[PDB]
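# This one's a deposited entry, sequence included:
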Amino acid sequence: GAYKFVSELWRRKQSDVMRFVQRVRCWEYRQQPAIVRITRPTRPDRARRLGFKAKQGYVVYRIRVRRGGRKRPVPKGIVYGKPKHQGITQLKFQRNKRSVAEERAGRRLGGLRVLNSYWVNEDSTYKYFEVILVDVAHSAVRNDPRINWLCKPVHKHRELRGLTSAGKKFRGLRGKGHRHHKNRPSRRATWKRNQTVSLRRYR
Amino acid sequence: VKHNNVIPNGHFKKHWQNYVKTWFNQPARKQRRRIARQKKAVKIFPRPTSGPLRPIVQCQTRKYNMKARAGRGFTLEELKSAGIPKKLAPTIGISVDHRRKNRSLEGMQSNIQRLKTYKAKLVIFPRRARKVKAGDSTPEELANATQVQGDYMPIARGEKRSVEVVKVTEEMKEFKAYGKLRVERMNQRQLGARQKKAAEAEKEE
Amino acid sequence: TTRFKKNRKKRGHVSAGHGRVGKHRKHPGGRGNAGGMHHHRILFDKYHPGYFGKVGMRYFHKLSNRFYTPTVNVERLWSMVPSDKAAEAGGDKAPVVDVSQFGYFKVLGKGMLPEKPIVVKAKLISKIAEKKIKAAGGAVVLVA
Amino acid sequence: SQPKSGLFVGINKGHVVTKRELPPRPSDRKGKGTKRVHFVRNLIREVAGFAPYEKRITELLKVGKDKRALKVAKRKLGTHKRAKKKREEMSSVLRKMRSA
Amino acid sequence: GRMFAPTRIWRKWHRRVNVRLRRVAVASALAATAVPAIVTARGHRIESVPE
RNA sequence: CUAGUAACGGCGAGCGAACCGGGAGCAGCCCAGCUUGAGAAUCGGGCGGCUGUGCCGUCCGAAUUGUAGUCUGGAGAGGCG
RNA sequence: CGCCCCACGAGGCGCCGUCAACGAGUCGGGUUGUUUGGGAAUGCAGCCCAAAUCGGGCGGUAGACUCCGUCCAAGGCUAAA
RNA sequence: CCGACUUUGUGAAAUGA
Ligand SMILES: [Mg+2]
Ligand SMILES: [Mg+2]
Ligand SMILES: [Mg+2]
Ligand SMILES: [Mg+2]
Ligand SMILES: [Mg+2]
Ligand SMILES: [Mg+2]
Ligand SMILES: [Mg+2]
Ligand SMILES: [Mg+2]
Ligand SMILES: [Mg+2]
Ligand SMILES: [Mg+2]
Ligand SMILES: [Mg+2]
Ligand SMILES: [Mg+2]
Ligand SMILES: [Mg+2]
Ligand SMILES: [Mg+2]
Ligand SMILES: [Mg+2]
Ligand SMILES: [Mg+2]
């Protein structure tokens, strides 16, 4: 039982052991390309719990993403409108950077399907997410009873559409009661359902 | 606006004509659902068409607490005390609901009574032809089973209106029920101050 | 029914019934309740006194179930008693009625009662209702 | 607990129905600390060390200023409920270090 | 161009009548047939019908 | 249906859901973890054979930074019947 | 309708009391923008703060305490309507 | 333009506690 030991070791993220081993990795990462194939998870126990396996076809990609919000890309900062949509620089994006990393890897890696992603490193400029992807064509993945669900055609570009673990968080689906009822089935499906003027036959 | 009228409140400022929902497919909905039910019945011949069994439960919510209705499944405690295993109740057409809680013997015994009646009037075909194992039923019993239709156990929604006639005792007449009703409203209002005054007796006294 | 619509009778009269001098333009008074405090003021303060302003304290997440108390006056109770169990009675024996079996919670007290004793059994009652029932000789049982 | 009063208003109001005592369920022990996980967390506590706010709380307790220790623990952790119990755990870790 | 106020599918194609008023109407439809004079006045050829 | 209601709003114009209840349909599941260590029991690819959506024999390889197996909180692991 | 007969392995049921592990820059907090009916802040997002295991989230007014009811997140799949 | 937090580590003295 090593994964529990390494789990608390990675829980104590302000201890000096993680401060060291994590700053040196931050340098190494900052010196490599944005999207890079890594042959082993750096956080094997985090990957286990999110469905990584030491089995062929599960690949791990380190995607570097930048930090900070979204500044409105207009011709100078000149927004034609009323004073209430006339701001530029304090707006925040509506997808977490974890999902942005998954959806960068989704565009780079055409043939493979994103499964999950987990935080590994960060600094003032960047965050680093290690994204578990699956090759849906190799026989070792086609013959696993537990992960066929990803080879059915309704699962193309999950991350491009909001269906992974990080996707649901920004979709508002971590939550069940009120406080989260408008986000099921989706906020736009709720909006349509609530706007339909139902005119019955014998109204 | 103009002459005395109720103040207008039409919610017709968005693009509502893009979302008008007209119901002209309503009869076809009915016919489609009917065909769906008919073919489900044909596939599940000779299981009852009502599907699996359900519990008598009370509704929530003061408005409806006094009205019984159908539930989602018998709790593990009923399924255990009826001799009907957890894993096997959905197999023999009894729902199971792991989430409910039983707080009253009355509810628990009522749902046991439904389980016992169902197990009395349930017939189960053998998994194979000649091999009749435990829980099955006799060939001559099986030969007369049909597809029971509709609600083969109706749940009476509320207790029947009986208005009987009894003595008017003087120990009944003397009871001041309005004063009673006001006194415990006092008890509820004062429960704060009374327990404060009490607790300070321990603190100081 | 188009054949009854009075516009069909205004065919041939140039103005279609909205005047020559002052015409029928689009919205000469604003869209809807506009000008409540400005020019429709006379209207809103003559025919709708009390429209403008805040009164009373907010109640977050009101559930209408918690405010639910269907009432019955005393005058209605004997209708609840079928004739044959009205006859199965004497001077001293009275029918026992549980109103909750009828869907009422409170038993208010408007109206007459006969001399006949009646034993109502309710979840709430008022002053006057019990006074009328006792004065009729019947009694009260509180339940829930 | 004991049944309702049976009268529609008042302290413990409602309808009398005979109450039943619910046998324990899993997730009634949810989070009951266990021998091995206490082992695991102990060991990595010692191997990793203390965070800087944890060390500052140790210092405020080894001086004895428990109000300030709570105050900084709150400003870090976020809520009174967690701040008080992080202070409680650092008092534990400091008594168990002065014990020898 | 268009037509003025183009017709829309959400006109009131179906109308409702009280169920008891349908029952009243069908009873008074029956009650009128039992009359040879109104069956005739409605246009049917009834001159050899026995009763 | 709740409900143009609670709410929200230069509390102005306006905006506006939810629990309860009635119906339609109803179905639950599987992983990571402590748990083969007398023994990787797992998977893939090449080649060959057949009964060909696969199965078998052999070689190479992946995998001990853990594949498979038990377990998923309603439990469960054990011992007993 | 016929030939093949299902076990010492798994499950169920009952007894036990000893175990009984449950997902981390994740929740939570501050602040900022947007969003909402969500109002001392409904969601979401950035930044900074940054966890717990007699423990965590809720009970629609911010707060401390006592009790109560409730559920167990941060991994995944799932027809019908 | 400016301050604070952040990437941001290592150790030395002088004044303040
Ligand atoms: Mg614009
Ligand atoms: Mg428009
Ligand atoms: Mg004229
Ligand atoms: Mg003319
Ligand atoms: Mg006119
Ligand atoms: Mg004109
Ligand atoms: Mg003139
Ligand atoms: Mg005019
Ligand atoms: Mg003029
Ligand atoms: Mg003016
Ligand atoms: Mg045309
Ligand atoms: Mg209404
Ligand atoms: Mg937006
Ligand atoms: Mg907000
Ligand atoms: Mg804000
Ligand atoms: Mg899904």
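Alright, I've got the coordinates. Numbers count the residues shown, from 1 in each chain, chains lettered A, B, ... in the order given. Ligands and ions are numbered 1, 2, ... in the order given.
# okay, CA-based contacts and neighbour counts for the rest of this
Fine.
# State which helix of the chain is the longest.
This is for chain A. helix A:16-30 (DSSP state H).
# should've been chain B
helix B:177-203.
# sorry, back to before: is the longest helix of chain A anywhere near chain D?
Yes. Against chain D, helix A:16-30 shows contacts by CA under 8 Å from any CA of the partner chain at A:16-18.
# So which bits of chain B are right by RNA strand F?
Contact residues (CA under 7 Å from any atom of the strand) of chain B with RNA strand F: B:8-14, B:33-34, B:36-37, B:40, B:51-52, B:59-61, B:63-64, B:69-70, B:76, B:87, B:90, B:95-99.
# Would you show me how to pick out the buried ones of those in PyMOL?
Command for PyMOL that selects the buried part of the residues of chain B next to RNA strand F, burial taken from 16 or more other CA atoms under 10 Å in any protein chain shown:
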select buried, chain B and resi 51+52+63+69+70+76+95+96+97
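# what packs against the helix or strand residue C:97 falls within?
Using DSSP states H and E, residue C:97 sits within strand C:93-98. Counting contacts by 3 or more CA pairs under 8 Å, 6 or more residues apart in numbering or on different chains; DSSP states H and E, strand C:93-98 packs against strand B:165-167, strand C:119-122.
# which element follows the last one toward the C-terminus?
Sequence-wise, the next helix or strand downstream of strand C:119-122 (DSSP H and E) is strand C:124-125.
# Show me the contact partners of that next one.
The set of residues external to strand C:124-125 that reach it, using CA atoms under 8 Å, 6 or more residues apart in numbering or on different chains, is B:177-178, B:181, C:105-108, C:142, D:8.
# repeat that for 7 Å
Contacts with strand C:124-125, where a contact means CA atoms under 7 Å, 6 or more residues apart in numbering or on different chains, come from B:178, C:105-108.
# Looking at these, which one is closest to residue B:160?
Using CA to CA, residue C:105 comes nearest to residue B:160 of the contacts of strand C:124-125, at 16.8 Å.
# Would you mind measuring from that closest one to residue C:125?
Using CA to CA, to the nearest Å, residue C:105 is found at 8 Å from residue C:125.
# before we move on, the earlier item: tell me the buried residues within the contacts of strand C:124-125.
Neighbour counting over these (16+ other CA under 10 Å) leaves B:178, C:105-108 as the buried ones.
# quick one, what contacts residue A:136?
Counting by CA under 7 Å, 6+ apart, residue A:136 touches A:112, A:142, A:151.
# hmm, try it at 8 Å
With CA under 8 Å, 6+ apart, residue A:136 has these contacts: A:57, A:112-113, A:142, A:150-151.
# At which residues are the helices of chain E located?
Ranges of helices in chain E, per DSSP H, are E:19-33, E:36-41.
# Are stretch C:128-144 and chain D in contact anywhere?
Yes. Stretch C:128-144 lies within reach of chain D by CA under 8 Å from any CA, at C:142-144.
# try stretch C:113-122
No. Remark: stretch C:113-122 sits outside contact range of chain D, by CA under 8 Å from any CA, the gap being at least 9.5 Å.
# Mind listing residues that contact that stretch?
By CA under 8 Å, 6+ apart, stretch C:113-122 touches B:168, C:74-75, C:91-100, C:105-107, C:132-133, C:136-144.
# hmm, back to that, from the contacts of residue A:136, which land in helices?
residue A:142.
# From the contacts of residue A:136, pick the one nearest chain C.
Nearest to chain C, judged by CA to the nearest CA, of the contacts of residue A:136 is residue A:150 at 42.0 Å.
# out of the residues of stretch C:128-144 next to chain D, which one sits closest to residue A:81?
residue C:144 (61.6 Å).
# Am I right that that closest one is in a helix?
No. Read with DSSP: H, G, I helix; E, B strand; the rest coil, residue C:144 is coil and lies in no helix.
# now the residue of chain D found nearest ligand 1: how far from RNA strand F?
Closest to ligand 1 within chain D is residue D:78: 39.1 Å, counting by CA to the ion. Look at residue D:78 and RNA strand F: by CA to the nearest atom of the strand, to the nearest Å, they are 27 Å apart.
# now swap in residue A:39 and tell me
Distance from residue A:39 to RNA strand F, by CA to the nearest atom of the strand: 7 Å.
# what number of residues lie near that residue?
Neighbour count of residue A:39, defined by other CA atoms under 10 Å in any protein chain shown: 10.
# What strand or helix carries the closest residue to it other than its chain neighbours?
Distances taken as CA to CA, 6 or more residues apart in numbering or on different chains put residue A:60 closest to residue A:39, at 6.7 Å, once the chain neighbours are dropped. Per DSSP H and E, residue A:60 falls inside strand A:58-66.
# Just the buried residues of that strand, please?
For strand A:58-66, a neighbour-count test (16+ other CA under 10 Å) marks A:58-65 as buried.
# and that strand with helix A:16-30, angle?
90 degrees (axes from the mean of the first three to the mean of the last three CA atoms, to 10 degrees).
# which residues touch strand A:58-66?
Residues contacting strand A:58-66 (CA under 8 Å, 6+ apart): A:34-41, A:52, A:97, A:100-102, A:104-105, A:125-135.
# wait, residue C:133 sits on residue C:139?
Yes. Using CA atoms under 8 Å, residue C:133 is in contact with residue C:139, at 6.4 Å.
# Looking at the two now, which is surrounded by more residues?
Neighbour count, other CA under 10 Å: between residue C:133 and residue C:139, residue C:139 has more, with 28 against 24.
# Assess the claim that that one and residue B:166 are in contact.
No. Contact status for residue C:139 versus residue B:166: not in contact, 11.2 Å apart, counting by CA under 8 Å.
# Next one: residue B:70 from residue A:68, what distance?
53 Å.
# Now do the residue in chain C that RNA strand G sits nearest to: how many residues are near it, please.
Residue of chain C nearest RNA strand G, by CA to the nearest atom of the strand: residue C:60 (4.0 Å). Number of residues near residue C:60 (other CA under 10 Å) recorded here: 6.
# where exactly do the strands run in chain C?
C:71-72, C:93-98, C:106-107, C:119-122, C:124-125, C:139-142 (DSSP state E).
# do chain B as well
B:20-22, B:56-58, B:68-70, B:165-167.
# among those, which is nearest residue D:88?
strand B:56-58 (44.9 Å).
# contact partners of the closest one?
B:65-71, B:107, B:110-111, B:155.
# Swap in 6 Å and give it another go.
Defining contact as CA atoms under 6 Å, 6 or more residues apart in numbering or on different chains, one finds that strand B:56-58 is touched by B:68-71.
# ok, now stretch E:9-19?
When contacts are defined by CA under 6 Å, 6+ apart, stretch E:9-19 is touched by residues residue A:202.
# can you check stretch C:40-52 too?
Here stretch C:40-52 has contacts from residue B:4, using CA under 6 Å, 6+ apart.
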